[PDB]
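One structure is given here, and the rest of the page talks about it.
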Amino acid sequence: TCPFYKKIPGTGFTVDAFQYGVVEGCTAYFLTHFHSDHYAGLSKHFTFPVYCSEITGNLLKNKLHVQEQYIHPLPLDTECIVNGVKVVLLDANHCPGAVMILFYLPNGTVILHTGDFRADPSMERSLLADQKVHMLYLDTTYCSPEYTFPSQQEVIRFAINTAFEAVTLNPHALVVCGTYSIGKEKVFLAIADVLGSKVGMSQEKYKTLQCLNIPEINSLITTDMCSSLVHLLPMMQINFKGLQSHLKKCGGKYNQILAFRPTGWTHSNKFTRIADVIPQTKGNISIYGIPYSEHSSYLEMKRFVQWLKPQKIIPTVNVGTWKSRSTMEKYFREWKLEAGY
Ligand code: NI
């Protein structure tokens, strides 16, 4: 049954709650972003109102075939009225089309649901600064102090320099980048840009990217693999067997693969600096794991919450074990005591 942390009190609303069947007394289903754990259960047969960003609405219509009459896209940073309740969508700095939702309840409570986010100081100057928030439903994916990682900018710098060096030394090398959902587009796009190539990909992936309103996308992506030296593959295929196989398919156009797997976190971060990262190599294949995250680090999350000073925090991630839940609640108390709220 629908967990409490997907329900907005004082409304008929749910958030990312599409896998429970008909939620009893839900008059509007919000979807924060197009990732499978959050959209699971949507299809062409869904007949209730879905509220989302324009980009998420493009993906609903074109990838899952949800009918147009049930998609209610809302513009960002704009006061809107839904079943008599004022709401605002804000940029979550997650994947394309991902939002946070501000709800202004009739009784005067103000709730922020972050959906999935990577906290950023830029948020401290949006519509959030203009009023107080009583309840925060928080993306706690990496809510433990061992989760440190570099800025997205330092990681893209490392990838571009690595790729440019490799292909300049060997103009017959192929670069491969893994993907399994929308998000992290900058990795493969920035590499293609420095090399003067388009990114080659499957028809289904090309379709997904064309839903995202990315400026100048017809210039950066293609389905013609033959004309490209940056290929996008499913993440699962980013291993020595999958890559040896792919290289065979290219028919002696290329004699080396440099591949990138942008993971969330990996334990090498506690010990290693981005400058200090090395690939796994076998034969003429090298694989780099790079810590490109689209979730808050522990310190980025902590800053955001200590700025916002909510009266109550409701975690939405890692809530399934008692030891996790208990540890998170202890961090929230430290933060409140340190900041004085
Ligand atoms: Ni997500």
Side-chain angles (χ1 to χ4, degrees), residues 2-3 5-6 8 14-20 29-42 50-60 62-64 66 73-74 76 89-102 112-120 122-123 136-144 147 149 151-152 155-156 177-189 205 208-209 211-214 232 234-236 238 261-266 289-298 300-301 304-305 313-320 324 328:
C2 187
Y5 66 79
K6 293 190 185 284
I8 306 304
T14 60
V15 176
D16 301 343
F18 298 92
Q19 62 160 297
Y20 303 92
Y29 290 80
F30 281 77
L31 179 62
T32 62
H33 70 287
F34 198 78
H35 282 161
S36 58
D37 278 352
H38 299 261
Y39 67 68
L42 280 164
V50 179
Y51 290 87
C52 57
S53 67
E54 168 179 17
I55 284 162
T56 293
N58 295 342
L59 293 155
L60 293 183
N62 287 289
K63 300 290 297 183
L64 299 184
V66 173
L74 308 169
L76 301 195
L89 302 192
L90 303 159
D91 202 284
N93 188 32
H94 185 54
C95 66
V99 302
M100 311 195 281
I101 314 156
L102 254 186
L112 176 59
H113 196 303
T114 62
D116 282 353
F117 88 137
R118 181 167 187 178
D120 194 74
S122 64
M123 292 173 179
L136 178 60
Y137 286 69
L138 182 65
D139 161 28
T140 44
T141 294
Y142 298 125
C143 193
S144 192
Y147 301 105
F149 30 65
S151 75
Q152 288 173 167
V155 170
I156 291 304
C177 296
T179 182
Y180 42 31
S181 39
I182 63 171
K184 306 178 183 197
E185 289 80 7
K186 194 73 182 170
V187 181
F188 56 86
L189 303 178
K205 186 70 183 190
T208 303
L209 301 185
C211 298
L212 309 182
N213 304 349
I214 280 179
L232 292 204
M235 200 70 86
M236 285 191 61
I238 314 307
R261 293 189 342 89
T263 60
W265 165 84
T266 62
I290 60 166
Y292 190 95
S293 179
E294 290 188 336
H295 295 276
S296 312
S297 81
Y298 176 80
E300 293 168 340
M301 188 184 304
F304 179 79
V305 179
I313 306 173
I314 303 160
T316 64
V317 185
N318 303 310
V319 296
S324 296
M328 292 186 295

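All residue numbers in this chain count up from 1 along the given sequence. Start at 1 and go down the list; that is how both ligands and their atoms are numbered. Basis for what follows: all heavy atoms, side chains included, without hydrogens, waters or symmetry-related copies.
Atom CD1 of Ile156 is separated from atom NZ of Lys184 by 10.5 Å, given to the nearest 0.5 angstrom. Between the CG atom of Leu89 and the OG1 atom of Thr32 there is a distance of 10.0 Å, given to the nearest 0.5 Å.
Rounded to 10 degrees, the NE2-metal-OD2 angle spanning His33 and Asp116 at the Ni ion (ligand 1) equals 90°.
Note on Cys95: not counted as a metal contact of the Ni ion (ligand 1), no N/O/S atom lying under 2.8 Å. The Ni ion (ligand 1) has no N, O or S atom of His38 inside 2.8 Å of it.
Taking the six-membered ring wherever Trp is involved, the centroid distance between the rings of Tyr39 and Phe18 does not fall below 6.0 Å.
Considering only heavy atoms from C-beta on, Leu212 comes within 4.5 Å of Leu59 through its side chain.
Counting just the N/O/S atoms of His35, the one with the shortest distance to the Ni ion (ligand 1) is named ND1.
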